[PDB]
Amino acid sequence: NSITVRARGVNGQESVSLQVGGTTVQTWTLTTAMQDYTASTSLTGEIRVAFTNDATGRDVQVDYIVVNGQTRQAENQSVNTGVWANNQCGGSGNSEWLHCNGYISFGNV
């Protein structure tokens, strides 16, 4: 099961973890350019991309992921617990942004 994450940070210290069924597959430190990050698992289950090290000046943007060849846009996902929206952390879904610690759920593998 191949999973590619296309993502960037605002300052390049930002850390994201790819999780599958509650298991952490891989963790990466992002750069300020949108770039691809790839991982693989034999596991199935819910995919999450989690921003874990929010601090003054850090924000994550996930464009999309690609799961076994199939594109899933971050902005088409309904659960986003880190976006700043409606004047609060995790204030909406359907966003590329994780401003606060939180994750975007991309559903089952």
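Sequential numbering from 1, following the sequence displayed.
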Comparing 85-93 with 19-27, where is the mean C-alpha B-factor higher? 85-93
Between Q73, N80, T38, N53, which carries the biggest CA temperature factor in the record? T38
Please place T4 in the lowest, middle or highest third of its chain according to the CA B-factor in the PDB entry. middle
Would you check the entry's CA temperature factor for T32 and let me know if it's in the chain's lowest, middle or highest third? middle
